[PDB]
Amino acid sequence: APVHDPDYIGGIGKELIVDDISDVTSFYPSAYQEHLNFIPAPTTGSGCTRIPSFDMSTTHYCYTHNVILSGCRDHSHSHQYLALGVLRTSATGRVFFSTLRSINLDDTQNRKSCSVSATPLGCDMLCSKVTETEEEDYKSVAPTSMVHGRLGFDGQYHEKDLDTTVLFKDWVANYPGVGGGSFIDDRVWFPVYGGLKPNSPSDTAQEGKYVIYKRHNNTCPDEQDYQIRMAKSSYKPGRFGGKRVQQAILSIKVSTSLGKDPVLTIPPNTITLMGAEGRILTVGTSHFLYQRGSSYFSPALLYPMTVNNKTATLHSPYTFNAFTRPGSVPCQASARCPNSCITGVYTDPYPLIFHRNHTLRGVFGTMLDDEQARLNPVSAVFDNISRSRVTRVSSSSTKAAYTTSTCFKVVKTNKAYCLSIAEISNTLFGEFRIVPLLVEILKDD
């Protein structure tokens, strides 16, 4: 029923800047712009608001984040904030995000790692229902419970538990990838990751599969079969005792029946690195999988994704060598060799500048500009090697964490905007505030 102001409709989910000639990094973000903050901040000293997910279709946006009363990471009950809204314009021509349905989902169930997607029926959610820590989940035999929910245009929420005993038979743990999903054709597509049980069909299918991705102009000096050894062990990090940590994609038919006809796609690990959080993006006619750099590879990754009815295929990724993320040694931001780790942080890149033949040239995102610590969020435009002039939250050292970015255009002014939702350090009210930062994309001629 509700729809964005027509100022935005033709500029959402599109290839924003089509340019074959200009240097990608001649495009750069403006100063942050003041607009209607649609993301609730904590109201107590210990309250934890973390794990944002965001998706926007040409009719509405969907947003969610997790809330824990007593502090973050606490093994405790949690609830989700959920919002459904539309873009509007003031009389002065300034965009604002206008939320229509704004609820807390807080009941007997502990929904974690939730991803959201804007579908024709409202805001679809994929969550894990957890009663164990991740550490414990990798040791129990049963897969993790998972639920497909929807906040409807009427503001009501309904959900259906998936049959994970069947759907995730070959897994010991499984979680949505936190980043948004995408509605494609008649289905909703969500990133998933978790652990495979040893010697299952899915595990055997990945036996001996690996890929080594390299830094630009910065060769790993290690011997080659040593690199191969380390790349293989990177799929089985020591934190969970040698279980293969696997990337997947889950598609669900969009219908008034939730959980209808789900299909799991597991790409070969000759393409994907160790399973991690991620996001399914649709820009123009192209789809991508973002995968968080939780393993040894630091440059931001976008795997081209093509849809084959109910399944997907991924292709060799775009990489953005200056769009690093912090991580612990030996997988810090400047890392160049394969190795085994679980680290990094979710900071996704939004496809922004394209050739006319639709090859991606440049992305926008907010990176944490530090070698090892989650510090100094910086918004910028990135090509395969370089980074534009940047916009920073603070000229002082500042703690931050996850960021997820989405860009859209106002075609009547030909202005490109980028929204960057970032977990930022807070004072007085909890560890984090989740801030929707807004920039305009400018050009330095």
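Don't overthink the numbering: it's just position in the shown sequence, from 1.
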item	value
Stretch with the greater mean C-alpha B-factor as recorded in the entry, comparing 66-74 against 53-61	66-74
Of 219-227 and 338-346, the one with larger mean CA B-factor	219-227
Options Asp369, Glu277, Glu207, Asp106 - largest CA temperature factor per the record	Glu207
Most elevated Cα B-factor in the entry, residues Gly149, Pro237, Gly177, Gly155	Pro237
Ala1 by Cα B-factor - lowest, middle or highest third of the modelled chain	highest
Third of the chain's Cα B-factor distribution that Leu196 belongs to, per the entry	highest
B-factor third for the C-alpha atom of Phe96 within its chain	lowest
Chain-wide C-alpha B factor ranking for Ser294, given as lowest, middle or highest third	lowest
Ranked C-alpha temperature factor of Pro304 among modelled chain residues, by third	middle
